[PDB]
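From first to last, the protein sequence lines stand for chains A and B.
The UniProt record's numbering puts the first sequence at residues 7 to 79, 103 to 140, 155 to 310.
The UniProt record's numbering puts the second sequence at residues 703 to 756, 777 to 828.
Quick reminder that beta carbons are idealized off the backbone N, C-alpha and C, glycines included.
Below is one structure, written out as structure tokens; comments come after it.
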Amino acid sequence: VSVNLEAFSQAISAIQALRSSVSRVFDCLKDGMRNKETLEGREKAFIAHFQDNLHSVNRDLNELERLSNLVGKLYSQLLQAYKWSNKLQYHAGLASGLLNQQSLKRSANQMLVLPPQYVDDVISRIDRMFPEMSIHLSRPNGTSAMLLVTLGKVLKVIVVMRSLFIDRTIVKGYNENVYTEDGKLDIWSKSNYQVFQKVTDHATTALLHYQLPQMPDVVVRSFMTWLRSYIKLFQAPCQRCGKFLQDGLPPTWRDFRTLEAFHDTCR
Amino acid sequence: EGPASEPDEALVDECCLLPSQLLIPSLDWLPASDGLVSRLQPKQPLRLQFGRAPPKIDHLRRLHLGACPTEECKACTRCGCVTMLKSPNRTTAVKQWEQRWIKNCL
Ligand SMILES: [Zn+2]
Ligand SMILES: [Zn+2]
Numbered sequence: 007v008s009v010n011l012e013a014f015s016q017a018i019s020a021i022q023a024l025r026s027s028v029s030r031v032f033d034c035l036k037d038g039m040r041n042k043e044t045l046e047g048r049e050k051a052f053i054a055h056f057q058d059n060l061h062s063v064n065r066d067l068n069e070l071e072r073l074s075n076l077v078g079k103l104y105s106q107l108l109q110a111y112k113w114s115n116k117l118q119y120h121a122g123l124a125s126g127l128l129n130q131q132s133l134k135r136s137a138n139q140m155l156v157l158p159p160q161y162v163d164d165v166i167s168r169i170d171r172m173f174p175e176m177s178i179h180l181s182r183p184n185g186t187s188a189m190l191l192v193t194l195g196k197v198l199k200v201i202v203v204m205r206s207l208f209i210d211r212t213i214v215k216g217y218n219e220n221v222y223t224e225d226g227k228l229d230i231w232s233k234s235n236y237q238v239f240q241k242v243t244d245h246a247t248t249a250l251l252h253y254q255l256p257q258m259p260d261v262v263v264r265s266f267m268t269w270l271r272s273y274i275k276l277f278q279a280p281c282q283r284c285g286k287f288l289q290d291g292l293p294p295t296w297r298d299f300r301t302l303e304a305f306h307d308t309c310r
Numbered sequence: 703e704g705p706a707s708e709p710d711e712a713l714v715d716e717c718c719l720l721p722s723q724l725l726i727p728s729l730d731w732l733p734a735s736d737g738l739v740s741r742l743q744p745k746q747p748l749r750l751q752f753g754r755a756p777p778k779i780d781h782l783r784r785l786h787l788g789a790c791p792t793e794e795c796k797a798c799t800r801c802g803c804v805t806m807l808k809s810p811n812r813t814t815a816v817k818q819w820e821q822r823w824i825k826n827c828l
């Protein structure tokens, strides 16, 4: 675990602060009595300045003891390599984070086809994490992909994708029938519930939002990550009105890049 | 009577070993250079304006003051020494020493 490193760093900072506080106390007391214009302010200022340093020393010692209660249990040229490698990944990690936000491109032009196994392995690679999510693939009609994604005991999502580009989504509850009489996937149907219709609209807005121009895998990854947050539904209240119910509906809006519950009327 | 002699090296080294045993606290130089006699030059007239004037110790009685002194003091014109105006200890003080500076300083 890496918490011990932070605990040790905080202990070092605390002991340095304690030493600096003792030095400050003794220097400030050595300085002596000042002028402070009138007599009455001269009397109060020295005492006020003297009390604060001792209070700071006591507070630092108390927090140091609180941490003490909290804490618990050729080669050189090799290390010079290691301490360099971790210095690179972080250095680029910020630089990639600051250049993507300020995109200076104006147009893709100057002056689609994928193997089915590619899509299948990408979807499996998405499926390996998020153990609650379960994804099933089919192609009843042509090369278009139909995916059924089940979430917990709450959600069932039907996704129609056109050559790995997500195209259409319809969600339903758990007990509702998802298959047709023939046994195939039912594409054209409705959830017969207001909240599920509202979250279908939300999913349509989400798929209209996440749009990268030349990386299509990150788009479906972000969509799956956003859809992951819905498992906690009916247990979390809105961040503005406090109560769960507004006009008889529970919070059904999950903000992008900050996944917290919200009512639709609360924006 | 008229020695004209130089100290031997033994004295030099034994005083060299002295600071290894005795610390030298400090010293203060009294003749603070502030007079205009050492600043004026011949055929060089000086034009001075009002209020421009282009480790504080009590030099009479060896008393240390703070970083910024509290009580007002008096400054000698010629030597430039600074001394406290009203002495703190009067009921118990050397009256043979304090009475020698009431009128003027040397
Ligand atoms: Zn709300
Ligand atoms: Zn004098």
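Query raised in the report: Do you know how far the Cα of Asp260 (chain A) is from the Cα of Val165 (chain A)?
Result: The residue labelled residue 165 (chain A) in the question sits at position 122 within the first sequence. The residue labelled residue 260 (chain A) in the question sits at position 217 within the first sequence. Taking the straight line from one Cα to the other gives about 8 Å.
Item checked: Under 6 Å, CB to nearest heavy atom of ligand 2: contacting residues -> Having a Cβ closer than 6 Å to some heavy atom of ligand 2 are B:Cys798, B:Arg800, B:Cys801, B:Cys803, B:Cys827 and B:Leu828.
Pairwise C-alpha distance: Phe299 (chain A) and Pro280 (chain A)
For the purposes of this step, residue 280 (chain A) is identified with residue 237 of the first sequence, where counting begins at 1. For the purposes of this step, residue 299 (chain A) is identified with residue 256 of the first sequence, where counting begins at 1. Roughly 17 Å separates the two Cα atoms.
**Asked** Using the beta-carbon count (16 or more within 10 Å), is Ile21 (chain A) buried or exposed?
**Response** Locating residue 21 (chain A) in the first sequence gives position 15, where the first residue counts as 1. Exposed is the call here.
DSSP-derived helix/strand/coil call for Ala712 (chain B): Indexing the second sequence from 1 puts residue 712 (chain B) at position 10. Secondary structure of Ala712 (chain B) (DSSP, three-state): helix.
When every heavy atom of ligand 1 is checked, does at least one fall within less than 7 Å of the C-beta of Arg283 (chain A)? Position 240 of the first sequence, counted from the start, is the residue given in the question as residue 283 (chain A). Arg283 (chain A) Cβ: within cutoff of ligand 1.
Verify the CB distance criterion: does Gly38 (chain A) have a CB-CB separation below 8 Å to chain B?
-> For the purposes of this step, residue 38 (chain A) is identified with residue 32 of the first sequence, where counting begins at 1. With its beta carbon less than 8 Å from one in chain B, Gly38 (chain A) belongs to the interface.
- Since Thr792 (chain B) is in the alpha helix (DSSP H), which residue starts that stretch and which ends it? Locating residue 792 (chain B) in the second sequence gives position 70, counting from the first residue. Element bounds for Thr792 (chain B): n/a, residue is neither H nor E.
Rounded C-beta distance between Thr805 (chain B) and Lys817 (chain B)? I'm assuming under 8 Å.
Along the second sequence, read from residue 1 onward, the residue named residue 805 (chain B) stands at position 83. Along the second sequence, read from residue 1 onward, the residue named residue 817 (chain B) stands at position 95. About 16 Å separates the two Cβ atoms, so there is no contact after all.
*Should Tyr104 (chain A) go down as buried or exposed, given a rule of 16 or more other Cβ atoms within 10 Å for buried?*
Against the first sequence, residue 104 (chain A) aligns to sequence position 75. Exposure of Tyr104 (chain A) is indicated by the presence of fewer than 16 other C-beta atoms within 10 angstroms of its C-beta.
Open item on the list: Here's the rule: buried if 16 or more other CB atoms are within 10 angstroms of the residue's CB, otherwise exposed. What is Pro733 (chain B)?
Closed with: As a first step, residue 733 (chain B) is located in the second sequence; it is residue number 31 there, counting from the start. A residue is called buried when at least 16 other Cβ atoms come within 10 angstroms of its Cβ; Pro733 (chain B) does not meet this threshold and is exposed.
- Query: Would the beta-carbon of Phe277 (chain A) be found less than 7 Å away from any heavy atom of ligand 1?
  - Reply: Position 234 of the first sequence, counted from the start, is the residue given in the question as residue 277 (chain A). For ligand 1, no non-hydrogen atom lies closer than 7 Å to the CB of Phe277 (chain A).
- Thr248 (chain A) (DSSP reduced to helix, strand or coil): Along the first sequence, one-based indexing puts residue 248 (chain A) at 205. Helix, per DSSP.
Here's the rule: buried if 16 or more other CB atoms are within 10 angstroms of the residue's CB, otherwise exposed. What is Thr243 (chain A)? What you label residue 243 (chain A) is simply residue 200 of the first sequence in a count that begins at 1. Buried, by the Cβ-count rule.
Using CA coordinates, which residue listed in A:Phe239, A:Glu12 and A:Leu108 is at the minimum distance from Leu76 (chain A)? Locating residue 76 (chain A) in the first sequence gives position 70, where the first residue counts as 1. Of the listed residues, the one whose Cα sits closest to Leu76 (chain A) is A:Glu12.
Run the proximity test for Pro293 (chain A): is its beta-carbon closer than 7 Å to any non-hydrogen atom belonging to ligand 1?
-> The residue given as residue 293 (chain A) occupies position 250 in the first sequence. No.
Can you pull the chain B residues whose beta carbon is under 7 Å from the beta carbon of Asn41 (chain A), in chain order?
-> For this step, residue 41 (chain A) is matched to residue 35 along the first sequence. Contact of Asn41 (chain A) with chain B by beta-carbon distance below 7 Å involves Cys790 and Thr792.
For a quick check, are the C-beta atoms of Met172 (chain A) and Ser181 (chain A) less than 8 Å apart?
Position 129 of the first sequence, counted from the start, is the residue given in the question as residue 172 (chain A). Position 138 of the first sequence, counted from the start, is the residue given in the question as residue 181 (chain A). Contact: no.
Throw me the rounded Cβ distance for the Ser177 (chain A) and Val192 (chain A) pair, which I believe falls under 8 Å. Within the first sequence, residue 177 (chain A) is the residue found at index 134, counting from 1. Within the first sequence, residue 192 (chain A) is the residue found at index 149, counting from 1. About 7 Å separates the two Cβ atoms, so the contact holds.
field: Top-ranked residue by Cα proximity to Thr212 (chain A), from A:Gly185, A:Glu69, A:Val263 and A:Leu133
entry: Locating residue 212 (chain A) in the first sequence gives position 169, counting from the first residue. Nearest Cα to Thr212 (chain A) within the set A:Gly185, A:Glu69, A:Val263 and A:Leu133: A:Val263.
Which whole-angstrom value is the C-beta distance of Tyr273 (chain A) and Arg297 (chain A), which I expect to be below 8 Å? Taking the first sequence and counting its residues from 1, one reaches residue 273 (chain A) at position 230. Taking the first sequence and counting its residues from 1, one reaches residue 297 (chain A) at position 254. Yes, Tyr273 (chain A) and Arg297 (chain A) are in contact; Cβ-Cβ is about 7 Å, under 8 Å.
### Query
Going straight from the alpha carbon of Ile230 (chain A) to that of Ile201 (chain A), what length do you get?
What you label residue 230 (chain A) is simply residue 187 of the first sequence in a count that begins at 1. What you label residue 201 (chain A) is simply residue 158 of the first sequence in a count that begins at 1. C-alpha separation (whole angstroms): 7 Å.
- prompt: In whole angstroms, what is the alpha-carbon distance linking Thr308 (chain A) and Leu288 (chain A)?
  reply: On the first sequence, position 265 is the one that residue 308 (chain A) refers to. On the first sequence, position 245 is the one that residue 288 (chain A) refers to. Between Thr308 (chain A) and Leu288 (chain A), the alpha-carbon positions lie close to 11 Å from each other.
Shorter than 7 Å, the distance from the beta carbon of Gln289 (chain A) to the closest heavy atom of ligand 1, or not?
Against the first sequence, residue 289 (chain A) aligns to sequence position 246. Yes; taking the cut-off as 7 Å, the Cβ of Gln289 (chain A) has a heavy atom of ligand 1 nearer than that.
If we cut at 8 Å on Cβ distances, does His252 (chain A) have a partner in chain D? Going by chain labels, chain D is absent from the structure shown, which instead holds the protein chains A and B.
**Request:** Below 8 Å on the Cβ atoms is my guess for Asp66 (chain A) versus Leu24 (chain A); work out the distance and round it to an integer in Å.
**Result:** Numbered from 1 along the first sequence, position 60 holds the residue referred to as residue 66 (chain A). Numbered from 1 along the first sequence, position 18 holds the residue referred to as residue 24 (chain A). With 8 Å as the limit, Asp66 (chain A) and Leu24 (chain A) qualify as a contact, their Cβ atoms being about 5 Å apart.
For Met267 (chain A), the three-state DSSP class (helix, strand or coil): For this step, residue 267 (chain A) is matched to residue 224 along the first sequence. Note: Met267 (chain A) maps to helix in three-state DSSP.
Cβ neighbour criterion (16 or more within 10 Å) applied to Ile209 (chain A):
The residue given as residue 209 (chain A) occupies position 166 in the first sequence. Label assigned to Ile209 (chain A): buried.
Examine ligand 1 and report whether any of its heavy atoms sits within less than 7 Å of the Cβ of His306 (chain A).
Taking the first residue of the first sequence as position 1, residue 306 (chain A) is located at position 263. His306 (chain A) has its Cβ nearer than 7 Å to a heavy atom of ligand 1.
message: Using 8 Å for Cβ pairs, my map puts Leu787 (chain B) next to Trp823 (chain B). What's the rounded Cβ distance?
response: The residue labelled residue 787 (chain B) in the question sits at position 65 within the second sequence. The residue labelled residue 823 (chain B) in the question sits at position 101 within the second sequence. Their Cβ separation, rounded to whole angstroms, is 18 Å, which puts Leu787 (chain B) and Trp823 (chain B) out of contact at 8 Å.
Ordered along the chain, which non-local residues of its own chain (more than five positions away) have a Cβ less than 6 Å from that of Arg812 (chain B)? Here residue 812 (chain B) corresponds to residue number 90 of the second sequence, with the count starting at 1. None.
> Should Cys34 (chain A) be counted as a contact of ligand 1 given a C-beta to heavy atom distance under 7 Å?
Replying inline: As a position in the first sequence, residue 34 (chain A) is number 28, starting the count at 1. Not under cutoff, so the answer is no.
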